[PDB]
Amino acid sequence: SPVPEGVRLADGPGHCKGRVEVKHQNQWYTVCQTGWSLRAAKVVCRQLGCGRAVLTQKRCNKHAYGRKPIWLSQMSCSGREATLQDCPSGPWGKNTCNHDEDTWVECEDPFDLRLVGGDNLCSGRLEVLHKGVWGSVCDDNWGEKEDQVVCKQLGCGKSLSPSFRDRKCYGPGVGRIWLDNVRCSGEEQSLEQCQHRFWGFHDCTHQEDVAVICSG
Amino acid sequence: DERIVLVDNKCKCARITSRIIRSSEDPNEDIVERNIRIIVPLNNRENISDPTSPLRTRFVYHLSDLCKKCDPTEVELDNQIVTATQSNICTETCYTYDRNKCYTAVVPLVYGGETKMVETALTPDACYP
Amino acid sequence: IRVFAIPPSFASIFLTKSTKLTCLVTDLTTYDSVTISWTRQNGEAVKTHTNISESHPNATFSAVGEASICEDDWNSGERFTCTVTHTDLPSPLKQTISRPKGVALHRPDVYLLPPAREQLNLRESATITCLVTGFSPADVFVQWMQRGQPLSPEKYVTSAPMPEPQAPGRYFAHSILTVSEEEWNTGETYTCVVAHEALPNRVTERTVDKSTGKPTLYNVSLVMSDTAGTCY
Amino acid sequence: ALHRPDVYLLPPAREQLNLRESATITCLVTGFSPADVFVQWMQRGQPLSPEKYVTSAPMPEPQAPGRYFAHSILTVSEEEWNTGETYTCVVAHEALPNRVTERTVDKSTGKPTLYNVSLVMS
Amino acid sequence: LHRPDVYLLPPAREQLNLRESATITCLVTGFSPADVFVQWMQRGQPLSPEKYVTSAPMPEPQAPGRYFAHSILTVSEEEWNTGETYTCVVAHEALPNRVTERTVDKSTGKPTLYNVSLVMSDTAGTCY
Amino acid sequence: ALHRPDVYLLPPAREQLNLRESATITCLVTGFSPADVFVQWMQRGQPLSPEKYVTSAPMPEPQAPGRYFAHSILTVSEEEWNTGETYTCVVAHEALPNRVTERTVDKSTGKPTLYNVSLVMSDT
Ligand SMILES: *[C@@H]1O[C@H](CO)[C@@H](O[C@@H]2O[C@H](CO)[C@@H](O)[C@H](O)[C@H]2NC(C)=O)[C@H](O)[C@H]1NC(C)=O
Ligand SMILES: [Ca+2]
Ligand SMILES: [Ca+2]
């Protein structure tokens, strides 16, 4: 049986949304396996690295030009397993695609962060990308532990504890306060891996923002 | 370690903890305890952002509006991810000040005739500009 | 011969994300000469999916036939009908289905009732109750969870909506979950997820636990000071 | 195999009363066989009208085969519930000794509480 | 740079008995250097430069390098008995926002009695 | 002419004592003429060094012409003050009949009389 070389998610806005297109040896075709739970969508999203699977559904075919043939094996995958290579597949046989429907999948935008307002980077206001928008992080709880996690992710070195005397050189923000009550205990790898309140809910003002100055 | 914090309000300085004590040995005869700790200010006034407001000598503490959850949570349904409303009940008065917050005011300053309004710090230290 | 055609409720639409139509046929003799057909309002044919189940004690056969049409056509108000032909029946049967229109939307309330005190003294089992009420129309989906993982369906039973005697145009339903007594005394947590069309976010959640219930003691403490004008 | 059913009453939800519209009284009866049960609602020894409660239907218990169960709910006014009126859920089953069993709850139904109030003056 | 501290002392109890006038003092201490600017107000109305006096800063014998000064304001006995409010405003470089203010009246600052009322309802509500 | 000075002693502020650092007292002498005033301090009947209190020169009073006023400031450790000691201010002027007048302040100066408190518990 063919081994998937990759997934591309064509016919969708960007490459984190669209129709599931398994790369068959040489020419590739669309797949409509039954029991398409979110577990397989999570592995599909992890193939591209977009982020977390949010939704999967099969859409009615009304002159959608589904020229791509269909596969002949199932892909029962536990979701916590590795790439599509390491999940069992049926021994060829017939297809489970009775109703002619395309499989849809909706991944999420990847995370990103930066410092704005500081010279030669490694300093300034904190902006985090989510839902395709940048925003500020509240300073209600900003311990020294929460400062070093941001610094190493951008490779700016250990923070030098600049206090608030030089934190007035960046000013306030205008964007939405995405994060609040951030509590980072361990190093982890990303700020999103910490415990926060929620995306979009806060009790802060643009005057109270977070400024992080690393070594550089 | 044996107590779990339910609410940690700062405006009303209210804190509620619950704990189960293994009294006797029958599992059906263990008491459930609810502790409430309230600190009331005797010098703060009606409006904490206006020094001219009169003094406050009446405090009301509703426990139904204190132990309330108002933040959508994520729920997995094996086919999608949705946001769920915790409560349907969701202008509250702040009795005391908050350390994590800054309180400022506008005051007229006269000198040589000209009047320059300047931002003040009602709180002793709080945060810095 | 009896033919039942159930429409797809919004509860199925929420989870399956697919609108399918089923025409249950009961008391069938010859399954080699039957045809489950689905047609539109003009006469166009729709591709069907007929599956024959196993045998029955009363020497009858059950026919299950799915027809799939996406929600854009169905929610617009178009009418469908089911036809079952049999060589023993001189005339094919006609059963039509469609979704009603013109009903107001009222937000439902969620109530969780802890187990009775007189039940846990037997050291046998407990019973938690999830109550949803005052909603229109009569469509509701209730599912129980524990630690973020769905429970086995058998552990709980959900009933059909029933009218409310004291308020016209409003309904209610119930859900019952059974758990061990030692599990409840340990302090595990449970969750009742309820979905209805009239909700602001379409999904609501409540949680019950032994610790956060009715407390025997209320150790209230009040401290008065003339200098503590701020709280961290 | 005739079995004696067990009747359990549920006191109304406190938040429902807090919002001050009505109250919900549940009569949960399980563990009877065969499927033959009749529940009624009486107040102060006087049976209420059939239009006051809604009666469920027998349906098998998935956990223990051969057992059926149902329930009945009666809505009461908030002022009527607060005034101290009593309610009961009389049940009838052939397997019962006297064919009549009763469970009764009230507002006072519960466990006595305590209040360890402390008023610190400094 | 040292942040100064401000305290107000209410008029003496045995001064009001004569029913002549009341005196309020604004003590600012612990600052360097020795240039301060104190202005009195009455419920948002700046007061005249003549009703209050101020003293030049003097060294503190206890801690060298920190100074102090005070401003004295007089008021009518009936005006203070009515319950009017007064404010003390000090300007110095050491402050974060560079200006601070404090407020005193009859009910606050060495009062006669304390009247408190407390209500605690919905003590058996839903917590979850 | 001559006039009788009046002596007022003011206790330390509550907010300063809450910081548990130090306490200060004030001895206000006013309504007197001419400018010749000699003020000391005492503690349990014995005098203290002149390095622990500071006095000011007379300044004309804008309100009543021909009247002067002066002030003295003394520093006290909050813990000592909280022990319960007594402090005395002595003012010496030529217009007073006996040339000497004294005032005393304690920790208990300004303690309130009534603490009316009521509590309501409505389990509604
Ligand atoms: C308590 O004081 C605040 C501050 O004065 C009041 O809110 C301010 O109202 C003025 C106009 O009257 C605005 O210029 C300010 O922007 C407001 N403050 C804020 C933070 O927005 C408030 O109304 C007062 N409360 C009461 C009950 O009088
Ligand atoms: Ca802050
Ligand atoms: Ca916060």
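What is reported rests on the model, the rules as stated and the sources as named; no laboratory read-out is quoted. Using ideal geometry, Cβ is built from the backbone for each residue, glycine included, and neighbour counts are taken over all protein chains shown.
Residue under question is D:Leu96, and the condition is that it be surrounded by 18 or more Cβ atoms within 10 Å (Cβ to Cβ) and not in a helix (DSSP H, G or I); does it hold?
no
Hey, can you tell me all the residues within segment B:99-124 that are away from chain C (no Cβ under 14 Å), within 21 Å of A:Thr205 (Cα to Cα) and more than 14 Å from ligand 1 (Cβ to nearest atom)?
Selection gives B:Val118 alone.
List the number of the failed condition for B:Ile81; all other conditions in (1) more than 14 Å from chain C (Cβ to nearest Cβ); (2) touching a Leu at 6+ places or on another chain (Cβ under 8 Å); (3) among the β-branched types (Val, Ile, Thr) hold.
Of everything listed in (1) more than 14 Å from chain C (Cβ to nearest Cβ); (2) touching a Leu at 6+ places or on another chain (Cβ under 8 Å); (3) among the β-branched types (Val, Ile, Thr), B:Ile81 misses just condition (1).
Within segment C:154-170, track down each residue that is of a type in the set (S, T, N, Q) and farther than 18 Å from C:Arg107 by Cβ.
Within segment C:154-170, C:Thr158, C:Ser159 meet the criteria.
Would it be correct to say that A:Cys204 is surrounded by 15 or more Cβ atoms within 10 Å (Cβ to Cβ) and within 16 Å of ligand 1 (Cβ to nearest atom)?
Yes.
So how many residues does segment D:60-72 have that are at the interface with another protein chain (Cβ under 8 Å from one of its Cβ atoms) and assigned to a strand (DSSP E or B)?
1
For segment C:196-232, how many residues meet the condition of being among the hydrophobic types (A, V, I, L, M, F, W, C), touching a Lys or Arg at 6+ places or on another chain (Cβ under 6 Å) and at the interface with another protein chain (Cβ under 7 Å from one of its Cβ atoms)?
1
Whether any residue in segment D:49-72 is buried (at least 18 other Cβ atoms within 10 Å of the Cβ) and among the aliphatic types (A, V, I, L, M) is what I want to check.
Within segment D:49-72 (the criterion being buried (at least 18 other Cβ atoms within 10 Å of the Cβ) and among the aliphatic types (A, V, I, L, M)), the answer is yes, since at least one residue qualifies.
Could you identify the single residue in B:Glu33, B:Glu2, B:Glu76 that is under 30 Å from A:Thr34 (Cβ atoms) and more than 16 Å from ligand 3 (Cβ to nearest atom)?
Testing whether each residue is under 30 Å from A:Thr34 (Cβ atoms) and more than 16 Å from ligand 3 (Cβ to nearest atom) leaves just B:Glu76.
Looking only at residues that are touching a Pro at 6+ places or on another chain (Cβ under 6 Å) and small (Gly, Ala, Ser) in segment F:18-48, which one is surrounded by the fewest Cβ atoms within 10 Å (Cβ to Cβ)?
This residue is F:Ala35.
Please enumerate the residues belonging to segment B:71-98 that are more than 16 Å from ligand 1 (Cβ to nearest atom) and of a type in the set (D, E, K, R).
The answer is B:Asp71, B:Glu74, B:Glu76, B:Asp78.
Residues that are away from ligand 2 (no atom under 16 Å from the Cβ) and assigned by TED's automatic domain parsing to the domain that holds B:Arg58: find the strands (runs of 3 or more DSSP E) completely inside segment B:74-129 holding 3 or more of those.
Hits in segment B:74-129: B:81-84.
Do we find that A:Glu187 is away from ligand 3 (no atom under 16 Å from the Cβ) and touching a strand residue (DSSP E or B) at 6+ places or on another chain (Cβ under 9 Å) in this structure?
Criteria not met by A:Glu187.
Scan segment A:161-170 and give yes if some residue there is surrounded by 12 or more Cβ atoms within 10 Å (Cβ to Cβ), within 16 Å of ligand 3 (Cβ to nearest atom) and more than 13 Å from chain B (Cβ to nearest Cβ), otherwise no.
no
Between residues in segment E:30-44 that are more than 15 Å from B:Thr120 (Cα to Cα) and residues that are surrounded by 18 or more Cβ atoms within 10 Å (Cβ to Cβ) and among the acidic types (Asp, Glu), which pairs lie under 7 Å by C-beta distance while being six or more apart or on different chains?
E:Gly30/E:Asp5
Within segment A:192-203, restricting attention to residues that are of a type in the set (A, V, I, L, M, F, W, C) and either more than 21 Å from B:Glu74 (Cα to Cα) or within 14 Å of chain B (Cβ to nearest Cβ) (or both), which residue is nearest to ligand 2 (Cβ to nearest atom)?
Here the residue is A:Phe201.
Please find, among A:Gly143, A:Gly155, the residue that is loosely packed, with under 13 Cβ neighbours inside 10 Å, over 17 Å from A:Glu208 (Cβ atoms), more than 16 Å from ligand 1 (Cβ to nearest atom) and small (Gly, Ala, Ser).
Residue meeting the stated conditions: A:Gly155.
Could you look through segment E:28-59, keep only residues that are farther than 24 Å from B:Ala105 by Cα and among the polar types (S, T, N, Q), and pick out the one that is nearest to the other protein chains (Cβ to nearest Cβ)?
E:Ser55
Just one of the numbered conditions (1) within 14 Å of the chain's Cα centre (by Cα); (2) part of a loop (DSSP other than H, G, I, E, B); (3) closer than 22 Å to F:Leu74 by Cβ is not true of E:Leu8; which one?
(2)
Please verify whether B:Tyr128 is closer than 21 Å to E:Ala94 by Cα and among the aromatic types (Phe, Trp, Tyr), treating the condition exactly as stated.
yes
Going residue by residue through segment C:182-191, is there one that turns out to be in contact with a strand residue (DSSP E or B) (Cβ under 7 Å, 6 or more places away or on another chain) and within 10 Å of chain B (Cβ to nearest Cβ)?
Scanning segment C:182-191, I find at least one residue that is in contact with a strand residue (DSSP E or B) (Cβ under 7 Å, 6 or more places away or on another chain) and within 10 Å of chain B (Cβ to nearest Cβ), so the answer is yes.
Given the conditions (1) of a type in the set (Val, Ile, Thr); (2) part of a helix (DSSP H, G or I); (3) touching a strand residue (DSSP E or B) at 6+ places or on another chain (Cβ under 6 Å), and given that A:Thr56 satisfies all but one, which numbered condition is not satisfied?
Among (1) of a type in the set (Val, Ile, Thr); (2) part of a helix (DSSP H, G or I); (3) touching a strand residue (DSSP E or B) at 6+ places or on another chain (Cβ under 6 Å), A:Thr56 violates only (2).
Which ones in segment A:73-112 are surrounded by fewer than 17 Cβ atoms within 10 Å (Cβ to Cβ) and among the hydrophobic types (A, V, I, L, M, F, W, C)?
Once the filter is applied, which keeps residues that are surrounded by fewer than 17 Cβ atoms within 10 Å (Cβ to Cβ) and among the hydrophobic types (A, V, I, L, M, F, W, C), segment A:73-112 yields A:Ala82, A:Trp92, A:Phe111.
Report the residue count in segment A:178-191 for those that are surrounded by 15 or more Cβ atoms within 10 Å (Cβ to Cβ) and within 14 Å of chain B (Cβ to nearest Cβ).
Summing the residues that are surrounded by 15 or more Cβ atoms within 10 Å (Cβ to Cβ) and within 14 Å of chain B (Cβ to nearest Cβ) in segment A:178-191 gives 4.
Considering only segment B:58-75, I want to know if a residue exists there that is within 19 Å of E:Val116 (Cβ to Cβ), more than 7 Å from chain E (Cβ to nearest Cβ) and surrounded by 14 or more Cβ atoms within 10 Å (Cβ to Cβ).
No, the conditions are met nowhere in segment B:58-75.
Looking for something outside the structural domain of A:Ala10 (by TED's automatic domain parsing), within 16 Å of ligand 2 (Cβ to nearest atom) and not aliphatic (A, V, I, L, M) - is there at least one such residue anywhere in segment A:117-134?
Within segment A:117-134 (the criterion being outside the structural domain of A:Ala10 (by TED's automatic domain parsing), within 16 Å of ligand 2 (Cβ to nearest atom) and not aliphatic (A, V, I, L, M)), the answer is yes, since at least one residue qualifies.
Does B:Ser53 satisfy the criteria of being more than 16 Å from ligand 2 (Cβ to nearest atom), part of a loop (DSSP other than H, G, I, E, B) and more than 8 Å from chain E (Cβ to nearest Cβ)?
Yes; evaluated as a whole, the condition is true for this residue.
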